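> Dropping the structure in here first, questions after.
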Amino acid sequence: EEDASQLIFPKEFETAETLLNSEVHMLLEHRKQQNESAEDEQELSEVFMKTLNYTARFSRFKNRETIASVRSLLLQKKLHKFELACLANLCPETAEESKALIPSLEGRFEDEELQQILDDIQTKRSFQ
Amino acid sequence: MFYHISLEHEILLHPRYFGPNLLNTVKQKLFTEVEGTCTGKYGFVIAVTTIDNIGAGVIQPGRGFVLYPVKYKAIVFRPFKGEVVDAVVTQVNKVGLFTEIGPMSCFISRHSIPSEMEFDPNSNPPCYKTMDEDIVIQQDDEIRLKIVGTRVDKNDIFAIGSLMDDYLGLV
Amino acid sequence: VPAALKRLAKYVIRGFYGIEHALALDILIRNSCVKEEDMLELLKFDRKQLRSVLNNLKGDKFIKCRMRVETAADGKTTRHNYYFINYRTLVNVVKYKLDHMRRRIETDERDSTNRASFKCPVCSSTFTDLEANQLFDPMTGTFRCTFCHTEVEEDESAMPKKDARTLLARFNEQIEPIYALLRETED
Ligand SMILES: [Zn+2]
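If you want it as structure tokens, here you go:
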């Protein structure tokens, strides 16, 4: 009934906001900071640790400002919220690669313009 | 996909927890109950970002508990059919490959694995390799799999990974 | 009454029905309309047997019947059942039996897919492939069921599926000659 490729999601997943892995890591890191405070409180569950490692491993942006800049640029482009998370997560190198992964992305913009959008993410991306 | 949503939960507070810090106990009790529990409709819950509001605590007639409905914002991940998500291989076996995506665990059947891939029992670390060794998949590697289907049982969700589709596997 | 309709009615009746049905059709072929009583005397069949055959012929609407009520010479009421062949209704019903069989191929194929691929022979309980992983113990290294504490084998569930496939292509052979027969309906 729900397919990511077809951009079909249940009524619950309509107003939901998609957060990038780097953004997800920032919120989780804040939780860790709060975890240290108020000693003797409940220890964070292992599931929290699993996700924190996962988001950190795939973190495409290690700087808070870069994440905000990428989101601001993406906001100008008329892109679906779910597709924005995939675009900033997978970070396809070529426009054709992005189109193949997401069949719904075909026809949204021009192929030449699509490649330019991906190239911009690479410049903001930090390589270590 | 990671989603930040508002969830509705009901907390039954024992009368012993009444008095000062009642709301604090409700907030603290919410974290313990929600964390470590998963549901099919909303998927695994990692942590509660914040508590939107604590509703009126209706006293249960005869029972003595007070039912506190809580609106809280938490981030959850759910496997979507026909979606490609990066995965990490935990264990390698001839029958199938086990991969973990955060809290969610995905199992890859041998049939779904590409034909050219073959189990490597001779090697000390079990792994799947081709005749030409162009692509090698072993334990603790980042691979891409397609979620063929999702099944939920005993408040646990797991998906099926298939590498038949292009742009999949170790990159 | 074109000879094509007469020729086919014999061909179809002799194929999916016994000699009893074919013999009754021959009488209606020779004469457009024939009384039920007259057919009974000619065929010498039992009253119940003839009625059952006629009812079956009425079930597929190959031949229609009309009831005539009159007064006999002695004054007693006479109710004679006159049977006549309705080719226009016959063609539609016989044609319906084609598409159902033709579309029956898809329905039969779904039956094989219903059978589960994985099963547990010792406990005689079907095991879901996914549920096997949860039932599977990583320490043991092989899937097993706690209640019976024995290994599982899915090879047994494989053999029944293969046989059913032969039953399908074998099914199509039956309706192949009839396809030629029904071409006389359109002509
Ligand atoms: Zn068993």
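Here the protein sequences line up with chains D, G and W, keeping their order. For the first sequence, PDB author numbering assigns the number 14 to the initial residue and increments by one for each residue that follows. For the second sequence, PDB author numbering assigns the number 1 to the initial residue and increments by one for each residue that follows. For the third sequence, PDB author numbering assigns the number 10 to the initial residue and increments by one for each residue that follows. Where a beta carbon is used, it is the ideal one built from N, C-alpha and C, also for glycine.
Could you check where the alpha helix (DSSP H) with G/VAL66 kicks off and where it finishes?
Premise fails: G/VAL66 lies in the beta strand (DSSP E), 66 to 77, not in any alpha helix (DSSP H).
> Can you tell me whether DSSP reads W/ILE114 as helix, strand or coil?
In this structure, W/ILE114 counts as helix in the three-state DSSP scheme.
> What distance in whole Å lies between the Cβ atoms of G/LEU67 and G/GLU8, which are believed to be in contact at a cut-off of 8 Å?
Not confirmed; about 12 Å, so no contact.
> Between the segment 92 to 111 of chain G and chain D, which residues of the former have a C-beta closer than 8 Å to a C-beta of the latter?
Those residues of the segment 92 to 111 of chain G that come within reach of chain D (Cβ to Cβ, closer than 8 Å) are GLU100, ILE101, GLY102 and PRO103.
> Nearest to G/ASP165 by CA position, among G/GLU33, G/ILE54, G/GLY62 and G/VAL84, is which residue?
Measuring from the Cα of G/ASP165, the nearest candidate turns out to be G/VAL84.
> Would G/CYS38 pass as a contact of G/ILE113 if the rule is Cβ separation under 8 Å?
Cβ distance not < 8 Å, so G/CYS38 and G/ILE113 don't count as in contact.
> List the residues of chain G whose Cβ lies closer than 8 Å to the Cβ of D/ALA29, in chain order.
Going along chain G in sequence order, the residues near D/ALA29 (Cβ under 8 Å) are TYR3, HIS4 and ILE5.
> For the putative contact between D/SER139 and D/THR79, defined by C-beta atoms under 8 Å, what is the C-beta separation to the nearest angstrom?
7 Å between Cβ atoms; contact.
> Kindly indicate which residue of G/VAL70, G/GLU35 and G/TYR3 has the alpha-carbon position closest to the one of G/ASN24.
That would be G/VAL70, whose Cα lies nearest to the Cα of G/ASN24.
> With a threshold of 8 Å between beta carbons, is G/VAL26 in contact with chain D?
Taking Cβ atoms only, chain D never reaches closer than 8 Å to G/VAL26, which makes this a no.
> Report the option in D/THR136, D/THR68 and D/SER58 whose CA atom is closest to the CA atom of D/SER35.
When each option's Cα is compared against that of D/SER35, the closest is D/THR68.
> Can you have a look at W/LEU51 and say buried or exposed, based on whether 16 or more other CB atoms are within 10 angstroms of its CB?
Looking at its Cβ environment, which holds fewer than 16 other Cβ atoms inside 10 Å, W/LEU51 is exposed.
> Identify every residue that forms a DSSP beta bridge with D/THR31.
Bridge partners of D/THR31: G/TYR3.
> On the DSSP bridge list, what partners appear for G/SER109?
Beta-bridge pairing links G/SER109 to G/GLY96.
> So with Cβ pairs under 8 Å, would you call residue 172 of chain G a contact of chain D?
Since the first and last residues shown for chain G are 1 and 171, residue 172 of chain G lies out of range.
> So for W/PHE145, helix, strand or coil by DSSP?
Note: W/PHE145 maps to coil in three-state DSSP.
> Taking DSSP's pairing of strands, which residues face G/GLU118 in a bridge?
Answer is G/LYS129, bridged to G/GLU118.
> Which of the residues in the segment 143 to 154 of chain G, read from start to end, lie with their CB under 9 Å from any CB of chain W?
Within the segment 143 to 154 of chain G, the residues whose Cβ lies closer than 9 Å to some Cβ of chain W are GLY149, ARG151, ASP153 and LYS154, listed in chain order.
> So, with DSSP's three-state summary, where would you put D/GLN128?
Note: D/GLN128 maps to helix in three-state DSSP.
> Suppose the cutoff is 8 Å on Cβ atoms and the five residues either side in sequence are ignored; what does the same chain contact list for W/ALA31 look like?
Excluding sequence neighbours, W/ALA31 sits near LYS19, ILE22 and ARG23.
> Which same chain residues, not among the five before or five after G/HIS4, have their C-beta less than 6 Å away from its C-beta?
Taken in chain order, the residues that qualify are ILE75.
> My understanding is that W/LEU17 touches W/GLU193, with C-beta atoms under 8 Å, so please give their C-beta distance in whole angstroms.
Right, their Cβ atoms sit about 4 Å apart.
> Would DSSP call residue 172 of chain G helix, strand or coil?
In the structure as shown, chain G starts at 1 and stops at 171, and residue 172 of chain G therefore has no counterpart that could be examined.
> Can you give me the start and stop residues for the beta strand (DSSP E) that W/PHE93 sits inside?
Note, W/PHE93: beta strand (DSSP E), 86 to 94.
> What do you get for G/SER162, buried or exposed, if any count of 16 or more other CB atoms within 10 angstroms of its CB means buried?
G/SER162 should be labelled buried.
> With burial defined as no fewer than 16 other Cβ atoms inside 10 Å of the residue's Cβ, what is the status of G/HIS111: buried or exposed?
Exposed: under 16 other Cβ atoms inside 10 Å.
> By the DSSP assignment, the beta strand (DSSP E) with G/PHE44 in it spans what residues?
Start and end: 43 to 54.
> Hey, does G/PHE158 have any beta-carbon neighbour from chain D nearer than 8 Å?
Taking Cβ atoms only, chain D never reaches closer than 8 Å to G/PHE158, which makes this a no.
> Within 7 Å: the Cβ of W/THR135 and any heavy atom of ligand 1?
No, the beta carbon of W/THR135 sits no closer than 7 Å to any heavy atom of ligand 1.
> Below 7 Å between beta carbons is the criterion; list the residues of the segment 78 to 91 of chain G that meet it against any residue of chain D, in chain order.
Those residues of the segment 78 to 91 of chain G that come within reach of chain D (Cβ to Cβ, closer than 7 Å) are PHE80, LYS81, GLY82, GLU83, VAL84 and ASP86.
> If we define contact as Cβ-Cβ less than 8 Å, is W/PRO147 a contact residue for chain G?
True, the Cβ-Cβ gap to chain G drops below 8 Å.
> So, is W/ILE114 buried or exposed, given that buried needs 16 or more other C-beta atoms within 10 angstroms?
Result: exposed.
> For G/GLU33 and D/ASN48, what's the separation of their Cα atoms in angstroms?
So the alpha carbons of these two residues sit roughly 17 Å apart.
> Report the residues of the segment 154 to 183 of chain W with a CB closer than 8 Å to any CB of chain G, ordered along the chain.
Listed in sequence order: no entries.
> Mind pulling the alpha helix (DSSP H) runs of 4 or more residues that sit fully within the segment 68 to 134 of chain D?
Listed in chain order, the complete alpha helix (DSSP H) runs (minimum 4 residues) inside the segment 68 to 134 of chain D are 77 to 89, 94 to 103 and 108 to 114.
> Starting from the beta carbon of D/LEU40, find every residue of chain G whose beta carbon is closer than 8 Å, and list them in chain order.
Per Cβ cutoff of 8 Å: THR49 and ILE75.
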